[PDB]
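Right, one structure below, let's go through it.
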Amino acid sequence: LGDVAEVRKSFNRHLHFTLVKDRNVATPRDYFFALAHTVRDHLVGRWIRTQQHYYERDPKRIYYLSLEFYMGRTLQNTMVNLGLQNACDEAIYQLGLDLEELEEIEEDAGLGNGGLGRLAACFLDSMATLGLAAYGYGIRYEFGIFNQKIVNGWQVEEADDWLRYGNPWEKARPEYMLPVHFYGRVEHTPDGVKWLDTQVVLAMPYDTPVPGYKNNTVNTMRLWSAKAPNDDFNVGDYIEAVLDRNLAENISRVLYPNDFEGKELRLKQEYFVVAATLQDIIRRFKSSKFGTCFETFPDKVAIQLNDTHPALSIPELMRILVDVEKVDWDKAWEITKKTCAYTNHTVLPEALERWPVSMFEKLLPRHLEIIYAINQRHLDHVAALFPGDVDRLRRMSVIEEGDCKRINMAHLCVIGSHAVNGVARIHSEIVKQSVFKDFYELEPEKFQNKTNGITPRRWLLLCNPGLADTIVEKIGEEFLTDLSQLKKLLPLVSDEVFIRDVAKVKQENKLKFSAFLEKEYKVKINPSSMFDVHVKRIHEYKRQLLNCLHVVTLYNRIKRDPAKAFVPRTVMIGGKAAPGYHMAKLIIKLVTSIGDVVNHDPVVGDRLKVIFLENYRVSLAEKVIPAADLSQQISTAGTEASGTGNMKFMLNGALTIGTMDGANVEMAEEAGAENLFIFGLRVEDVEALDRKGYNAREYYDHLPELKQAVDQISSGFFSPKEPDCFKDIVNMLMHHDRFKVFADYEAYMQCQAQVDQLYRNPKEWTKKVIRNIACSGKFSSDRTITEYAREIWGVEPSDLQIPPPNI
Amino acid sequence: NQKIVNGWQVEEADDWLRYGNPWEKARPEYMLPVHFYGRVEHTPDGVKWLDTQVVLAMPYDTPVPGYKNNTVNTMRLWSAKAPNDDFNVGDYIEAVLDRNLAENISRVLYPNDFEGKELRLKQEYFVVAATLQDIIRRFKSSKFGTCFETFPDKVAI
Amino acid sequence: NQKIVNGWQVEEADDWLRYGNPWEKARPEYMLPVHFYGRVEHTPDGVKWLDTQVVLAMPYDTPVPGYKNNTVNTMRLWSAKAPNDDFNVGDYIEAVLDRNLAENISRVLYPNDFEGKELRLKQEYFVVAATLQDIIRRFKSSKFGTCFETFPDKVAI
Ligand SMILES: *Cc1c(COP(=O)(O)O)cnc(C)c1O
């Protein structure tokens, strides 16, 4: 190949001219950078051409606004979307280096946190693959959230210094910087409303390429860094300036800060992305090749609000249009509603974001005025349609009364958007009928569903090339951009060759992940054991404790009859606890405490191993998901909207043990519920238990295997040196357990036995797996994005065709 | 001071010393130092606590009268004050803040502030150190005063 | 930058790095610590300088080309940066100020600020300590390296 020679020549060129190093002084990190630059150069040609193409053809632009972008690592994705993986592997080998070693030096982008952020990243990959003129907008968080470390079995938060050595992917655009205004006061003058005496924070943009899979599109993620404007002063004025500089820069410091007016910092962050972004969208709109003029704005601009975090987009668009662009209020409002769309990710109305009005009086006095005007006009309309309905007016109002007046940002999003969607079929029904019941009665057509999805490139082609090839051999390459083509795998459940091939891939993946496990955690991993994986946020509603009780029950069962034939398990539990969440940190400690007992018991041996997977991130998900046999998706029914981890396990050859909630429902409906290990209380059963009243004591008293497990946890069997360590866990499970852990224990145990009986038969296990994989095509973010594009954005995929670039 | 506004509790500041307290007598002459931070050094002449920040404990005495007897006892309450005074811009701000953090030791009861827990610990030590130095000073300043063997017979804490 | 406004000199800030310097290469990997303040302790294992504040010296290298020869030498210029990271309200403000006072070591040439004289001394030490640690590191990291006896033959300052 001439390709292998080009990468080799480009790597050395970057090493000498970009890094200003030679092979004697270079570190592995320098080698990662040299390669990352080599690979980025292949994107640049397409990136320039793509932006030249959108300027020429002026397509409708999609703006995806999120406070989270859980991007992971970029080197591998970039290499695969450009087809250069094989050429780089060989070039790096010939250079005396190891591609996978270099891949491990890259930092996980500290730009996301959980589901909401990964959803944004999958979306961006799909929008680029579908040829949409899409731009991701967010904050360039300098220190991510935190890297989880486990010290003495407890979680410790370490700072995520991911930009320490620089990010090779991003380009700084200091020339496209915009001012963000805070505080000040508002004056009504004859020339229009003026927002005066404001503090100014500068928004500095950094652009990152978002490549399309096997097309020529390379889109942009534009992330803003907070910087103070520089400069008279007395001693006090000098200290005021240094502090304002620091408070400016900590807007883009960490994701979801705590600090207790660190809530004011969250509001500042929200406005900082909104104002930065909207000024950029408008500037792009009026700077079009060949440009009263704002009437075409809803035809050239869609703004998607990923949760209520970017909710200020509504009154800020109203502000720029009316106070700067001199557009008439009514016209600006009809423009606002048509440009904005809102996606909700939560169930029950109390999770929805609220801000005190007093906080708005101080930080954003002009936006408060606009919000008040939007609300009044909205309630006049409601009063016209439903005369004398006084309680309807209070329910539908964006401003709520209580111990202080508050602004319901969700209500503001509903009123200022043309479309409102939930993230799964039943969640979207709850969004309609319960969360925004009154809004649904007034405008049913506004409310929609956009079932979540995952990208088939990262969550298959990247993390599981072995499985990807085995599917490619049988049904060709077209499924990678049209994942519903995996249904052609259905007849292959009879094929003895395919079954032994899918099983071989899984075991290869299991062996590669065992090697990571033994090296890092120092536990002897059984290769023939079943990989039982539960990876998500440590939270009571997610019920890692339910999984803990199962593990203790199994430990006790091996101890009672050590001669008995037992299905071997490697139980992996991972996830980050919120720093101030006392119960979740107790739970992490329980898992490691259980593991200490289980993994060091000589009677137990190679039958049961328990590991807490430290620092669950995007990059680690890509190692563990392809190696999983069983996926635990065991949240209490009625708590989960969707879930995307569910989808990742289904595509990578794992069977699912779960409740009938969130994504599991649509996964059952796609593959048939018999191919999934559904158990426990149904949404309606949970409600019926609340009518009876949950008495967890009755369960503990009349379930012997559970009583033994809880007593061990309580008495200090898993914590000999500090026997009251889990007192608050036990106290919660018996008296305050809102998530009904005991109520689902029996059903969960019985269900795990059915899992054990299926794993005992390798062929029928893998047959059920093939049925899962073949019916997962629906859960492609391509499908989700095509849905958003046609039913919300009014754009057609592949209507823009970027041609091969010029160097 | 609790206020009820629109049926809810509002916390208003208790400015009870605004106009002065007629009952109490300031004893600035019986002030004692309270030490914080620093480091500890084991020397041949005994253990030494060095490089400490110092907060001053200023005593105010209030009479506690006995019912139909002639006894009037003392309540001795300590106010936190920073010692006064070279400096660069940063050293000046450090001093102003330490002055404020000193004085907020005796600002409010059970403060919240989340290292306002550190402020509770400071408050606890401030009363302990102030008081114990005063108890000892009183003990050795007795009319006609190895010598500490009688301490448990002359002092109950 | 001198500006003449109404016939008088006005001092305008020289924002020369605003858009970046294309000539220089950042070497964050060759950063060295600079120590300030602290105290000194004579121990049996030698003199120790303890409880110091640390400012980081980040090197930036600029090429210095020879005329019609193949030599391109180095100008190595140090930027002051504070080390990053528990804290109460006062400790937080102390940290933000020390961060600012660290970074203003490499802000302007010949600053005025009147303990801006202390800032000049800090600047002087910052270049000295940064540089001498770099000179020594280069000396002992030579291809094939009591050992300091050749130092005056391999080093002129
Ligand atoms: C896909 C993914 C998630 C989402 O998991 P859910 O529990 O399904 O919300 C979270 N974290 C990481 C690292 C992921 O890759």
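As a basis for the values below, the full set of heavy atoms in this structure was taken, side chains included, without hydrogen atoms, waters or symmetry mates. Throughout, protein chains are lettered first and strands after them, A, B, ... in sequence-line order, and every chain is numbered starting at 1. Note that ligands are numbered from 1 as they come in the structure, with each ligand's atoms numbered from 1 the same way.
- Checked against the 6.0 Å centroid criterion, the rings of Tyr581(A) and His539(A) qualify as a close aromatic pair.
- For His534(A), the side chain to side chain donor-acceptor pair (under 3.5 Å) partners two or more places apart in sequence, or in a different chain, are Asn547(A).
- Just one residue in the list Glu103(A), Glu622(A), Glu104(A) forms a salt bridge (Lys or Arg N to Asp or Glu O under 4.0 Å) with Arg73(A), and that residue is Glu104(A).
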Identify all pairs of nitrogen or oxygen atoms, one from ligand 1 and one from the protein, separated by less than 3.5 Å, and list them with distances.
from     : atom 1 : to        : atom 2 : distance (Å)
ligand 1 : 8 (O)  : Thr644(A) : N      : 2.9
ligand 1 : 8 (O)  : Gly645(A) : N      : 2.8
ligand 1 : 15 (O) : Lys648(A) : NZ     : 2.6

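- Exactly one residue among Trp765(A), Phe531(A), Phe677(A) makes a ring-ring contact (aromatic ring centres under 6.0 Å, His included) with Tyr759(A). That residue is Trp765(A).
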Mind running ring-ring contact (aromatic ring centres under 6.0 Å, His included) on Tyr745(A) and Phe742(A) for me, showing each step along the way? CA-CA 5 Å; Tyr745(A) 170 90; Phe742(A) 287 176; 7.8 Å; no
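- Between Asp125(A) and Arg457(A) there is a salt bridge, since a side-chain N of the basic residue sits under 4.0 Å from a carboxylate O of the acidic one.
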